[PDB]
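Two separate entries follow, structure 1 and structure 2, each one form of the same protein chain as structure tokens.
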Structure 1
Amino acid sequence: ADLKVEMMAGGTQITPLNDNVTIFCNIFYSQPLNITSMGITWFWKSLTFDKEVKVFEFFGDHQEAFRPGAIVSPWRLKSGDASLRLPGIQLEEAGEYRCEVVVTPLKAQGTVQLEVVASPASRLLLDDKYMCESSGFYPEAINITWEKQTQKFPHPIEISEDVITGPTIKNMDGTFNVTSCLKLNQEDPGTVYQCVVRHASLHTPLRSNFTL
């Protein structure tokens, strides 16, 4: 084609909740481009609702953002960069974004999936039974385990016996919490107990420790 659009390689963009995101869209055109007579429109739709809405409409003479703070800048366009910036991205803004460019009579488009993730914060509730509460994470998938390091065997051992993890619960802001319980008793002195939280938003597991 004479007119093409390239989005993020692979089709998916992941971003931390509340960060300022830039969703890529680069224009390729085989003939000289009049950026003042071109049209760029960004659309959004939830991954479960086929309802699609406009996020930003650019026309050489004028521009309109439908989601506040959203911007495609004329200066980036000079290098064919039609990327959309969304300051302070929210969980509800995850889903699929379509970039559509029109250079009459041609039209080109590209789509990308935006995934917004929130990292869990974890805390121990030690006041027989000990708890570990992880909170404010998104998506719901999470793996909570417990491990222990004793003096006699100085290496982590995962505790599978006597661990009951409660249901994942919903927060009004759209994130989730989950609490895991460790039952003890018959223990050696100086053992370090650890609640280990694994989630997609985490680059490394979150570990919270305590001794008795």
Structure 2
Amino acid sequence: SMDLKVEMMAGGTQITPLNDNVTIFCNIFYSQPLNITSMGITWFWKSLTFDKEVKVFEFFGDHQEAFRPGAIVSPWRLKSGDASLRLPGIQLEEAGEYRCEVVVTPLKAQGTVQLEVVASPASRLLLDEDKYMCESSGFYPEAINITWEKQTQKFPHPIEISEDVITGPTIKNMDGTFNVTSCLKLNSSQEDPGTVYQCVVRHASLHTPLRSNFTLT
């Protein structure tokens, strides 16, 4: 029962960028020395929407077979117990639950992991008393928080600007990616000298906000 074991990403979820070459982890732990030729590995993908599972890759001890183009599990690594699945240029529709099934007759073990595919926002700041437009494009998922903040010499602590700022609707693109633009109207007459402003973009694909500097002049 516990002479053969499988371990997936801690946390149960892996996140990867669109078009990157992701590696879904699957580690084997056997009570005996691994003899890859007498071992079998199978990877399945299950849609989180349709709840239907498909075989994605199979390792028959002395030869592999990929059902998902480019899919591979390197043999020279499987000996170290690494049954991880490499998927070249992953796509948005490939997000889902992946399952790694290991067979070392008569023992069998498995594990599942969630793969999320994300696209980082491309934020562009452009100038039209002063209309500013911040366009962040090509991001996935849809949810995205755009904000504006300013730091005056008086109060250098960044404070959020929630006036004269209109954040437009998020439009879906053809390649499944998303778009959104936000506009801020600044009046020189009302602003302090040398204030530093910035468009702040928060999104799941970012570990820290994507900022864009600018000062009136």
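Start at 1 and count along the sequence of structure 1; that gives the residue numbers used here. Heads up, when I say rigid core I mean the largest set of C-alphas that superpose within 1.5 Å between the two forms.
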Once the two forms are fit on the core, has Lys152 moved its CA by at least 2 Å between structure 1 and structure 2?
yes
Did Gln31 shift 2 Å or more between structure 1 and structure 2, C-alpha, core superposed: yes
| field | Cα displacement of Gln13 between structure 1 and structure 2 reaching 2 Å, rigid core superposed | value | no
The CA shift of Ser73 between structure 1 and structure 2, rigid core aligned, in angstrom, is 1.3
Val112: Cα shift between structure 1 and structure 2 after core superposition, Å, came to 0.4
After superposing on the rigid core, the Cα of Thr191 moves between structure 1 and structure 2 by an amount in angstrom of 5.4
